[PDB]
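Single chain ahead, written as structure tokens, the form deposited in one PDB entry.
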């Protein structure tokens, strides 16, 4: 029996589960086998750990050209967008009080705990940092990032000659989050249960995931939420440097997919990517809360 191995970002879990189901229905006998991990880590499984996949889907298309081309990939297709929000539930502390204008004041309260993923492994993780630093200029409060992140982790920040803020992420084992304030996981979707059970009050994550789980959420200003092409110039004012030296830049969230050039089942992969980009895939993404490009 043939097998199609798909490596994908954690946030793609729900829609990709549907694609696997539809693809398997259209291709009896073929077993689509998915493996999820933060996008940077999903890519490194291929580029550093010697693992092989037929399809690689990332929550940040830019990781394909920056990490895979041309040794492990030669192209990428942009197929969806997303938006960063602050998720919560009816049991989250101060949930009935939080809104777009005061979310960071609520997170500043000592009895409130928030979660975000590992910036060294997951776009949702480095994006939580980008959004929070961009919030300083938007709300005219130069201590939002300092208070929420620098004071509670091993991350550090420097200002570049061009005025760009550069966030430095230490080795994963050295991020050392203040556990009374932060819960960290390798990828964003690993924090869903923590939010649902109340171990954390707020969660930096994609709007699509919040909608899929039925979480409530605070919409953030488009100038800082990485959702719109219109604000691309503002988003680029922040960058994150991973422990390995790779630098990612604030940008509109665009998902990208590719077929590694060392894939074992490239032909089947082509049919899968065709389904993803086609009308059936498009519909699955929109029904799961992710707008097209």
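Shifts are known only where both forms have a C-alpha. Positions refer to the first chain, counted from 1. Heads up, when I say rigid core I mean the largest set of C-alphas that superpose within 1.5 Å between the two forms.
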{"query": "Of 282-290 and 4-12, the one with larger mean CA B-factor", "finding": "282-290"}
{"query": "258-266 set against 56-64, stretch whose average Cα temperature factor tops the other in the entry", "finding": "258-266"}
{"query": "Residue with highest C-alpha B-factor in the PDB entry, from 117, 137, 82, 132", "finding": "137"}
{"query": "Criterion, highest CA B-factor; candidates, 208, 128, 164, 156", "finding": "164"}
{"query": "B-factor third for the C-alpha atom of residue 225 within its chain", "finding": "middle"}
{"query": "B-factor third for the C-alpha atom of residue 160 within its chain", "finding": "highest"}
{"query": "Ranked against its chain, the third holding the CA B-factor of residue 121", "finding": "lowest"}
{"query": "Third assignment of residue 26 from its chain's C-alpha B-factors", "finding": "highest"}
{"query": "Lowest, middle or highest third - CA B-factor, residue 99", "finding": "highest"}
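We do not show the form deposited in another entry, though everything after this point is about it.
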property: Conformational change between the shown form and the other one, one of 77, 175, 184, 106, C-alpha moving 2 Å or more after core fit; result: 77
property: Cα separation of residue 230 and residue 277 in the other form versus here, shift of 3 Å or more; result: closer
property: Pairwise C-alpha change, residue 230 versus residue 273, in the other form against this form - closer or farther, 3 angstroms or more; result: closer
property: Mobile segments between the shown form and the other one [3+ consecutive residues, each C-alpha shifted 2 angstroms or more, core superposed]; result: 2-81, 187-190, 254-293
